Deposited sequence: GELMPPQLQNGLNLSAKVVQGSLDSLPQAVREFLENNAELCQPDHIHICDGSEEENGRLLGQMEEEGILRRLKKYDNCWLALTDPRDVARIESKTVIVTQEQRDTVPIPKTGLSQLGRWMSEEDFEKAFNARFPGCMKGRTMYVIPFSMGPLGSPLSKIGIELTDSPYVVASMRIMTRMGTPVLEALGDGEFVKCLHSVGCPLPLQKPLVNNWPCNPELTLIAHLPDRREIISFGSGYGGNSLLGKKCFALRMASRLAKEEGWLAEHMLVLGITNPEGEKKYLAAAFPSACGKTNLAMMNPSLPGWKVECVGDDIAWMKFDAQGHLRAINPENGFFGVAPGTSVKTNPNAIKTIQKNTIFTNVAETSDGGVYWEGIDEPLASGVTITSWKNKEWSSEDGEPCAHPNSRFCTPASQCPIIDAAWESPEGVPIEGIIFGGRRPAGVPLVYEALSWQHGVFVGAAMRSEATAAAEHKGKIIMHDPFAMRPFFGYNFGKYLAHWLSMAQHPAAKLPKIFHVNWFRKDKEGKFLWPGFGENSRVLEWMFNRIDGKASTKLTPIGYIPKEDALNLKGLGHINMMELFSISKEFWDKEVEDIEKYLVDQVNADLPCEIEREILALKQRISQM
């Protein structure tokens, strides 16, 4: 029966639990074939070739083994609306707000989800191959393993880069447990609807669901990576944050980097930023300060767990970078540019006529007669009034290829976090850098995060779309870390690269010069008496920030804290947290809200 549909591998060499998961979902989805992924170069070559034949990928001949996927324009981003967590009780998933609808996640009842599942999954893979992806989140060797079933070869190839994938994962798994991951593009053959750019999706029925009690992730109708690469946001943030809450650790939307001063002293820092803040540019930043070194552990997700000496240790559970393409250049991110030179999948970027990539802000003058095809497969000029690349277009690239990849990026011990950075995009009022007054205040600073998307929105811990459970409880869990025995708590900082003058010009040059801010953090961690007290925390004392080699910087306006601005700010923060977190807001946070208005009242 089922064996006859297998086109690669053998049912018999799957652990019983993997086999049963496959059997149940094959019976349900009715795929024409089953391909058990081995994760070999040869398999990758084959799937890339097949995808080229079918129009899903084009070859980018300018480079060594680079490819380009163009999507249906309806399927270009994750949809928060259609992203749900399923629990017996709503409160376990999101706080019940005081007014309005929750902005802290989306809950669906078990009953509603069973209905939603039956209207989508039966027969969904008809005419397609079901791929079986064994993957490890974190280095191969305890780490969490999952099995993703998908009808998308694009997902297979992306998973190979973004996770450890294939036969060795099944070998490490044995009869262990795994997260069950089910994905379909939702377009059974014969196609009932038009195919755009050979890219199957079902936007109307798109649903990305998490069932934490069953250890199941179920995703329908979208091929876009945030929705389809189930190890990443779905597992390593949402489900894991839940597990972490239970087991006394932390799963966070954080880059991790290692920074070394000119005397050879090295610290690791984790940072959470909302979108459009240049996460990845900071993760592999090339520092301008002489003698300094920055190395990249990860640009997206961090798993953090206290060791026996109370140090918070971080592992990057990913195997790659799924980076925003537009804005990437030799100037803004020289390390990303070298990373993506080979073995990289690009999605929704433009293509030059010599088979190179192009996007807004690539800052690379075209040769004579070279022209650009846009991401909607049209000839493109700068007079079109339309970007050549989609704003959310991506590169998907092996982490091992980053020239400053950290030597301990795959250490199963993890790397000791000495500082946590929170930040946002704030055109007014928020200084370039400040330090939390205490752990409790640092939790509040994370909880208070807002960022410009032209709208300024709340995005606490940069986790707004990613909480796996009640944010009030997530806040209590963060607070609880100050009572871990002998905890060596990271110093907490808040940054803003994006403060502007009245004409909208950026006050801080940023990029490589951000090394000057990390320098201040670095020395503060080491106890340097370099702080000046303000109502919002510590800022750099006068002349403490290293400005050697820069043009003029308006330091006064950059570090300016206005009573009027901060009155408006704390009112907005209180309002947001009391309303949205309501009965689940920990009283330590209530105290921090009051303490801040009290400090502001005194100015």
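- Unmodelled regions of the deposited chain, listed from N- to C-terminal end, are 1-12, 155-156, 468-475.
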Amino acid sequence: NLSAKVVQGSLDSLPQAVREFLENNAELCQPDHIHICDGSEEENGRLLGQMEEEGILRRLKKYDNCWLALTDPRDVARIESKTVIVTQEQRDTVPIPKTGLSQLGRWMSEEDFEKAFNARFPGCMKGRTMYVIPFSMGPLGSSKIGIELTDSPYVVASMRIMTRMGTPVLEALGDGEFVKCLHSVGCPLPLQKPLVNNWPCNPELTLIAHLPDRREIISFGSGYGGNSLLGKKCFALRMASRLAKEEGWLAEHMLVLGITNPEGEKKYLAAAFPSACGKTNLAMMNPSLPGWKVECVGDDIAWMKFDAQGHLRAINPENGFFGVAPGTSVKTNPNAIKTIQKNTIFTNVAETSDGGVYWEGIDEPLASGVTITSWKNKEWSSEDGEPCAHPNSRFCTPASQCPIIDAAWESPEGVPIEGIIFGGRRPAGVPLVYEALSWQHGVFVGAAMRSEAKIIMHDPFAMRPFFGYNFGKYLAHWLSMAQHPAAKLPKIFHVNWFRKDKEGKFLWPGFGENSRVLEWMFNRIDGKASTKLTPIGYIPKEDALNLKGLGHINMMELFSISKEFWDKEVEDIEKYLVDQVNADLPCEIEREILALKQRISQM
From here on, numbers count along this sequence of modelled residues.
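Whichever C-alpha set is largest while still superposing within 1.5 Å between the two forms counts as the rigid core.
- In a rigid core superposition of the other structures in 6 other deposited structures of this protein, 389-397 and 497-505 differ in how far their CA atoms stray, and the farther one is 497-505.
- Notably, residue 529 is an intermittent gap: at least a third of the other compared entries of this protein, restricted to those modelling both its neighbours, have no coordinates for it.
- Higher mean CA temperature factor, per the PDB entry, when comparing 276-284 with 378-386: 378-386.
- Mean C-alpha B-factor is higher over 475-483 than over the other stretch, the pair under comparison being 516-524 and 475-483.
- Highest CA B-factor among the listed residues (295, 177, 151, 318): 177.
- Of the candidates 227, 353, 241, 451, the PDB record gives 353 the highest C-alpha temperature factor.
- Split the chain's modelled residues into thirds by C-alpha temperature factor. Residue 199 is in the highest one.
- Residue 126: CA B factor in the highest third of modelled residues in this chain (values from the PDB entry).
- In the deposited entry, the Cα temperature factor of residue 532 places it in the highest third of its chain's modelled residues.
- For residue 494, the recorded CA temperature factor ranks within the lowest third of the chain's modelled residues.
- Residue 87 sits in the middle third of its chain by CA B factor, as recorded in the PDB entry.
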